[PDB]
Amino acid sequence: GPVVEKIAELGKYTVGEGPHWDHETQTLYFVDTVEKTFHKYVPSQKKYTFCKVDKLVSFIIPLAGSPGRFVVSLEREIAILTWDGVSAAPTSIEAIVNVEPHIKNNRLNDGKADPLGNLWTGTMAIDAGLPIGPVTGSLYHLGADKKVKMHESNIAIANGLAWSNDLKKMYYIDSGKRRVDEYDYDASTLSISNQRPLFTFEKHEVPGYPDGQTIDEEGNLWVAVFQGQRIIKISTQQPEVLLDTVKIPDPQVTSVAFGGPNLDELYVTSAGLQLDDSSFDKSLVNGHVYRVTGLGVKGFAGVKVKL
């Protein structure tokens, strides 16, 4: 079976999240969605750094054409951070847009660029809760003239995103729905339609909640299972097909990104935050970062945001 390695060099995270693999610099970036920190890991050189801000963060993606600059979330603001990748604070912050200026207790959560470079991201109540809590989030993309467009409402916990290689489908996760949805994606108008369930956890006895996700070159989705101690591999060719399961020692698996020189090493983030209604005792909940090899598939380099 696959080899799951705990990356000792990286330590433990409250809620490690938002992994992004920059292929040209062979560097993984990620966030902690509770501790207000960004993180950098260069595996070939065993280099780790962090960056502190005073707002809640949920993604970090290099800005296309601008070395040393990243598109990030700061509470409800999408912003450009100028960061040298090693100092413990940004050099400067350039706000782009506040997606929800008048929803004082919302935050941005998972975000990713589509293959064309357009940032997609969604919101949630800061005090969202599972299985039931306030449902206040929406799904957006950032388009022309730095204005967002809304694509879906009634989202409890806005989470993982992926697109098919032919640019005809988008895949999206609201953790509260305990399923992955597929949509027809119109790359020319940047709109989605014909929402329908692709994979429903209760139909397959999968515990926990879908969180982050990514897609491989064959079109398989790799889905993080929060409170499931696993990642799952699911089909995009047929609905409701579980292809494989890979157990991850940390119960609170949060997200996934392919990396390594050949894009065949799956980085997996997790959360050490101990929750009062957990299916797992506290001794099990640590928050390490893992690397999975031997899956027999390759992914894609992380896409930079175009502004």
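For clarity, a rigid core is taken as the largest C-alpha set superposing within 1.5 Å between two forms. Heads up: residue numbers just count along the shown sequence, starting at 1.
Core-fitted comparison in 9 other deposited structures of this protein shows that, between 98-106 and 138-146, the CA atoms farther from the shown form belong to 138-146. Higher mean CA temperature factor between 113-121 and 130-138: 130-138, per the PDB entry. Taking the mean C-alpha B-factor of each stretch as recorded, 236-244 and 41-49 are not equal, and the higher mean is that of 236-244. Per the deposited coordinates, the residue with the largest Cα temperature factor out of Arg76, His151, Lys147, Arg179 is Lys147.
Among all modelled residues in its chain, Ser188 ranks in the highest third by Cα B-factor.
The PDB entry assigns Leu56 a C-alpha temperature factor belonging to the lowest third of its chain's modelled residues.
Ranked by C-alpha B-factor against the other modelled residues of its chain, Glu205 falls in the highest third. Residue-level temperature factors show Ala88 in the middle third of its chain, judged at the C-alpha atom. Among the modelled residues of the chain, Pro251 sits in the lowest third by CA temperature factor in this PDB entry.
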